[PDB]
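Close look at the chain arrangement
Listed below, chain by chain, are the residues.
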There are 2 protein chains.
Amino acid sequence: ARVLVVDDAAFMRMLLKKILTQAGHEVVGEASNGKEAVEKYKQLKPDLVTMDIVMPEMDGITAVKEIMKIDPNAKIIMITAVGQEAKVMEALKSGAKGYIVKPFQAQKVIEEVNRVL
Amino acid sequence: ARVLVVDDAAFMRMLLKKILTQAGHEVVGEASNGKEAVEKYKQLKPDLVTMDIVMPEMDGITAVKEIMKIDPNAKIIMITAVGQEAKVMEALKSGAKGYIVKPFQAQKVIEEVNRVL
């Protein structure tokens with residue numbers, strides 16, 4: 001009777017939580033995506049999961065492409081950590097204008113925002 | 001100076017919003033994933049986007065697989081609409097126990113939760 005509700009739409013989570021709780025079940029957790037669903041399953045060990053078969057599955061690169069398609073003047077800065085450089089490379093190829101590296105130093109972040117503008 | 005901040009981690013959004021606002025910039029919106037980033041770009045037409053190159057990119061099927069890997073007794077119900085049947089099929093193959101169809105009738109939803117338990 002302990003249920004993990006997974007859905008990218010907050011209102012869908014709510015609607016399902018309503019129906020479950022109204023049937024005497026306890027929603028012990030919620031997730032907006034795949035990774036979070038799996039993490040929350042470990043931590044909560046629920047009896048039941050409800051999961052939308054559509055989950056956000058758009059990466060940073062293709063979201064750059066979609067935004068550039070909409071507005072070719074879009075100014076995008078990627079947030080990256082060490083190890084993701086191949087993907088950042090391709091984001092920049094696809095129209096992104098810059099990037100900043102985690103962990104942030106506030107000065108370097110604004111140097112880069114300013115540079116882009 | 002109007003910035004759309006995109007990152008799957010709420011605290012990362014916050015941290016970046018802090019640094020931007022402290023530099024005299026207006027965070028006019030936020031997104032937790034790819035789809036939402038693109039939608040919000042249209043609606044807000046921001047001067048600047050900041051976007052994590054890692055965005056949730058795990059689909060419902062592979063999140064079923066990861067959960068089954070963790071607990072082979074996991075009980076998962078897929079939420080589906082018309083048109084997604086190929087993906088629901090494969091979710092069930094990978095260990096999911098059932099599904100419910102949107103738009104929900106509360107009775108059919110609990111018939112299916114009960115059946116699974």
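Residues numbered from 1 in each chain as written, not as in the entry; some residues may be left out. Chains lettered and ligands numbered in written order. Heavy atoms only, no water.

**Brief notes about the domain arrangement of chain A**
Here is the rule: In this entry, domain limits derive from an automatic or database-based domain assignment.
Parsing chain A into structural domains produces domain 1 (2-51) and domain 2 (60-116). Here the C-alpha centre of domain 2 of chain A lies 33 Å away from the C-alpha centre of domain 1 of chain A.

**Re the relation of the copies chain A and chain B**
This is how it is decided: A least-squares fit, run on the C-alpha atoms, superposes the copies.
Of the transformation placing chain A onto chain B, the axial shift is 0.0 Å and the rotation is 180 degrees, giving an RMSD of 0.0 Å. Taken together, the rotation angle and the small translation identify this as a two-fold axis. No C-alpha of chain A approaches the rotation axis more nearly than that of A:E57, which lies at 2.0 Å.

**Points about the sheet that holds strand β1 (residues 2-6) of chain A**
The condition that has to hold: We call two strands paired when DSSP finds no fewer than two bridges between them. Helix numbers and strand numbers start at the N terminus; a helix is a DSSP run of H or I with at least 4 residues, a strand a run of E with at least 2. Comment: axis = line fitted to C-alpha atoms, over the contacting stretch for helices; angle = value between 0 and 180 degrees taken between N-to-C directions.
In space, the five strands of this open sheet follow the order β2(A)-β1(A)-β3(A)-β4(B)-β5(B), with parallel pairing throughout. What marks the edges here is a single partner per strand, and that holds for β2 (26-31) of chain A together with β5 (98-101) of chain B. Taking each pair of neighbouring strands and ignoring which way they run, the sheet shows an average axis angle of 25 degrees. Across four bridges, strand β4 (residues 76-80) of chain B lies against β5(B) in parallel orientation. In the strand pairing of β5(B), B:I77 is matched with B:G98.

**Things to note about the interface of chain A and chain B**
Counted only if it meets this: Between two residues, a contact is recorded if the distance between any of their heavy atoms is within 4.5 Å. Two parts lose some accessible area (1.4 Å probe) when they are put together, and adding that loss for both gives the buried area. What counts as a salt bridge is simple: a side-chain nitrogen of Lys or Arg found within 4 Å of a carboxyl oxygen of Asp or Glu.
In this assembly, 57 residues from chain A lie in contact with 57 residues from chain B. It is A:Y41, A:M51 and A:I53 in chain A that bury the most area against chain B; as a group they hold 15% of the surface buried on that side. There are four salt bridges connecting chain A and chain B. A salt bridge links A:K102 to B:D52; its shortest N-O distance comes to 3.7 Å.

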